[PDB]
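The residues making up each chain are set out below.
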Amino acid sequence: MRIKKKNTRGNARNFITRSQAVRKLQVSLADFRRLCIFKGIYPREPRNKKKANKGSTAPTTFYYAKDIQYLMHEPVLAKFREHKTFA
Amino acid sequence: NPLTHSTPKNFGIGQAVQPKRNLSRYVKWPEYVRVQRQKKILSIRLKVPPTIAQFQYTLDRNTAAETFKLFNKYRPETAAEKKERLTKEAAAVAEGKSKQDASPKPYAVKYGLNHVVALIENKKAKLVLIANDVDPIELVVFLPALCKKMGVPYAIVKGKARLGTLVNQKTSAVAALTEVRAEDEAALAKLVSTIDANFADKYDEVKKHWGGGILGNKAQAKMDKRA
Amino acid sequence: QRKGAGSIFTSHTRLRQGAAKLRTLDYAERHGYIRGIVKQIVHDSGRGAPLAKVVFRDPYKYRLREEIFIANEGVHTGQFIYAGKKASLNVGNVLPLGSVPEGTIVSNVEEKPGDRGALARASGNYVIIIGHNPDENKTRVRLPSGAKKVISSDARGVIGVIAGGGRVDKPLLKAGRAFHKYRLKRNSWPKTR
Amino acid sequence: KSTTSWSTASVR
Amino acid sequence: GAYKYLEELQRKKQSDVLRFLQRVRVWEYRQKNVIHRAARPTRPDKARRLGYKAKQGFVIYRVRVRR
RNA sequence: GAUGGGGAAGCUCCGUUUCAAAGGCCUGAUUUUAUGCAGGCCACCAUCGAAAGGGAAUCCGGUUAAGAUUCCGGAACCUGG
RNA sequence: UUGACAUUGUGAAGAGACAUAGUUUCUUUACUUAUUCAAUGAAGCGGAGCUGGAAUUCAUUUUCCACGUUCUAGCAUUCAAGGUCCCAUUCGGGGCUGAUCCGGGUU
């Protein structure tokens, strides 16, 4: 049964990077930073930094992918986009 | 500085990896970009008749700014002001008096193409401004001739959005000043005299001289090295 | 008149090494020279000459970029090949037609500069340069059939003669050797009058 | 339950 | 109205002011696909007398057919 | 054999990386203008097509009217977390 | 295989027709913007400047390669080290240069 791709599940899936998070939310760095305070969603340290970053040890901030799945709905984000259109 | 050495590279022609340069001359642009550019070029390279390129002789910077200083004092009335004067006349039509004759005469520009062509041949227009960039040019290609015929002060302006700004559209393609207030008669007179001295006289050549027989860059350098 | 549709009159392409072509004429090839190493000489199913794997570097990126020449008689694994305008005159270098003196001999010469080789490509063959024409740069050659043609002086060609010369001396002696010879080219054998 | 394609997740 | 002068000028199809635009535009169209959409009518006088009206829901397409 | 395109009055034909805006990663107090995204890097082709080709990993003993490298007893091994 | 009309445009020169004042027809020779062909994961093109030079100067510049790579089956990759000028000196970051400039043409 379909040998399974050594870099998908576990630590590699539990966390997401800051750049990946912002690219997924599609807002900007400043808006991400304000929303992560209004909630607020804090950074986490993984128990296998090499098993999360897929091979590496580069200073980075990880963020609990489920926290950001809950943050995606967030009726404040649409208010931010409405302010952009008004501008 | 003991540990820091000097290891210059030899970008050469045989030993290096050539550094990153600005290759924006050889970008393979999208089709619509290529097409708009090549249309511009193909129009610069060909001889054009004298009725086209009778544009490209517009009001210069100072006189355009001076023309618009006056034309902006006559912006047509908008939606909110319309509803407000409608509310005022709504009050006055029955209470004190109004037959649509309580509010004074309005003075604003005239900006329709059919309207301004019918305002000439009356003749009441005092100054006609004609945008120089209409994509189907044959819409305006005949206005200067009729203007000179009927004796109206025409002037060709750089930009049609610029015109649309003082009319509250996006583009307007013509504008006309037909009647001005009392304080602006000297302004309008001096302005039409300026347009006379700068557009009517500076351009006696325009009637002749098919324009556009311009060579490229490489072709020009070729001919200039030959002769 | 049946070979046109191409149901069974195509070519057999499973064991063929690839298209034998010179390099793409880029900046270094047209301004200076460039070096490569010959790494292996191999049989190609269907031809008569042995191919050659030349490995150059990439001038624009950290990479290697390997080509397939047609070996000239004399080259050997480990040899340095030079390609450009400033290349020397040794067996194996590819040079522009204008920079070889008359009387010399090239092979796999281009036809319109930048098409990667048309003339004198089969085993044994070569093409003599008989003269130049500097004003209005042109060059006169002598093809194998005996024709005397004239082409541009920026068309490349590799110095020497093509390897494997002599292939048509030994008789085939057998229907079986013609069978095994044309088994790898197309469907033309046996014939009908 | 869920009647549409996108819901608002209602739960931390 | 300007449409009388538009539709009269459109009748001199071999004058220079028109046979130059013909050559500019026939080049311009030959790059776009065989069938595409036109942003606006290019003979706004000729379309109006065939039924065009400048309100939502009127569409103009452009098509090139072999000779 | 789809898409990008191009033929044909039309059922539909050509072609497979082609002449296409063909997506996916990094960093950011990017700095001044104060609630509107900034700076970069890399390149290639959808998909089908083999129970005789390529390929991670299992053995012995017993068991039924008819099932077993599959069930029972024991002793192992591969993949992912 | 030939003739014709259309796609088809810009000049120069030579002769005819305005019957020594500028509009039209046959002729050869140039052009490039139409159309045609090929290649490149549109990478270094233009003739031409500029510093380098040699070469040679008949008055003063015209033609050449750009001139960082040839005893050898090695290596060449992280905005490139250096030089120099600022920060706010702190873990470093910025600017010119190293690598000349221009162009409404990918070749």
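Residues numbered from 1 in each chain as written, not as in the entry; some residues may be left out. Chains lettered and ligands numbered in written order. Part of a larger assembly, values for the part shown. Heavy atoms only, no water.

- Method of determination for the deposited model, per the PDB record: cryo-EM, at 3.22 Å resolution.

**Description of the protein's contact with RNA strand G**
Part 1: Around RNA strand G, the structure places 50 residues, and the nearest of them are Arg30(C), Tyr33(C), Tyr62(C), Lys86(C) and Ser88(C).
Part 2: Here RNA strand G approaches the protein such that, of its atoms within 4 Å, sugar and phosphate make up 46%.
Part 3: In this structure, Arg57(C) approaches RNA strand G through a side-chain N or O atom, which is 3.0 Å from a base nitrogen.
Part 4: Going through the elements one at a time, helix 1 (31-45) and helix 8 (218-226) of chain B together with helix 1 (27-31), strand 1 (33-42) and strand 4 (80-84) of chain C are the ones with two or more residues in the surface near RNA strand G.
Part 5: Tallied by class, the residues present in the surface near RNA strand G amount to 18 nonpolar, 15 polar and 17 charged. (Near = heavy atom within 4 Å. Polar contact = N/O pair within 3.5 Å; in protein donor to acceptor, adjacent residues only side chain to side chain. Helix = DSSP H or I, 4+ residues; strand = E, 2+ residues; numbered from the N terminus. Nonpolar A, V, L, I, M, F, W, Y, C, P; charged D, E, K, R; others polar.)

**Focus: the interface of chain E and chain B**
It is common to give the size of an interface as the accessible area that goes away when the parts come together.
Part 1: The interface of chain E with chain B comprises 16 residues on the first partner and 23 residues on the second.
Part 2: Summed over both partners, the interface of chain E with chain B comes to about 1,900 Å²; 73% of that surface belongs to carbon and sulfur atoms.
Part 3: Ranking the residues of chain E by area buried against chain B places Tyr5(E), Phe20(E) and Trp27(E) at the top, with a combined share of 30%.
Part 4: Here chain E and chain B share two salt bridges between them. (Contact = heavy atoms within 4.5 Å. Buried area = accessible area lost by both parts, 1.4 Å probe. Salt bridge = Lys/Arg side-chain N within 4 Å of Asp/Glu carboxyl O.)

**Describing the protein's contact with RNA strand F**
Part 1: Around RNA strand F sit 28 residues in total, of which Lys6(A), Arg18(A), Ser19(A), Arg23(A) and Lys20(B) are the nearest.
Part 2: Near-protein atoms of RNA strand F (within 4 Å) split between backbone and bases, with sugar and phosphate holding 66%.
Part 3: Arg18(A) places a side-chain nitrogen or oxygen 2.5 Å from a phosphate oxygen of RNA strand F.
Part 4: Between RNA strand F and the protein, one listed contact pairs a phosphate oxygen with a side-chain N or O atom of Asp31(A) at 3.2 Å.
Part 5: Looking at the surface near RNA strand F, the elements with two or more residues in it are helix 2 (18-25), helix 3 (29-39) and helix 6 (76-86) of chain A together with helix 1 of chain B.
Part 6: Along the lines of polarity and charge, the residues of the surface near RNA strand F split into seven nonpolar, seven polar and 14 charged.

**Quick notes on unusual backbone geometry**
Backbone phi values are negative for most residues with the exception of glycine, while trans is the configuration of most peptide bonds.
Part 1: Cis peptide bonds are those with omega within 30 degrees of zero, and the linkage from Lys39(A) to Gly40(A) qualifies with -10°.
Part 2: Along the polypeptide, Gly40(A) turns up in the loop between helix 3 and helix 4 (49-52).
Part 3: Residue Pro190(C) is reached from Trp189(C) by a cis peptide bond, and omega for that bond is -5°.
Part 4: Relative to the elements of secondary structure, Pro190(C) occurs in the segment after helix 2 (175-182).

**With respect to a nonpolar patch on the surface**
Part 1: Together, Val34(E), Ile35(E), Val59(E), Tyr61(E), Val63(E) and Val65(E) make up a nonpolar patch on the protein surface, roughly 620 Å² of accessible area in all.
Part 2: On the secondary structure map, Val34(E) appears in the loop between helix 3 (21-29) and strand 1 (35-37). (Patch = residues over 30% accessible without salt bridge, like charges linked within 9 Å, V, L, I, M, F, W, Y side chains within 5 Å. Areas by Shrake-Rupley, 256 points an atom, 1.4 Å probe, with all protein chains shown as cover.)

**Some words on the pairing of strand 1 of chain C**
All names here are of chain C.
Part 1: Bridging between strand 1 and strand 4 involves five bridges; their strand directions are antiparallel. Bridge pairing in strand 4 links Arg 35 to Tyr 82.
Part 2: Where strand 1 meets strand 2 (residues 51-57), five bridges bridge the pair, whose relative direction is antiparallel. Bridge pairing in strand 2 links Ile 41 to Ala 52. (Pairing = 2+ DSSP bridges.)

**Structural notes on the arrangement of the chains**
Part 1: Between all three pairs of chains that are in contact, chains B and E come out with the most contacts.
Part 2: Chain B shows no contact with chain D. Their nearest C-alpha atoms sit 36 Å apart.
Part 3: Across the gap from chain A to chain E, with no contact made, the nearest C-alpha atoms are 25 Å apart.

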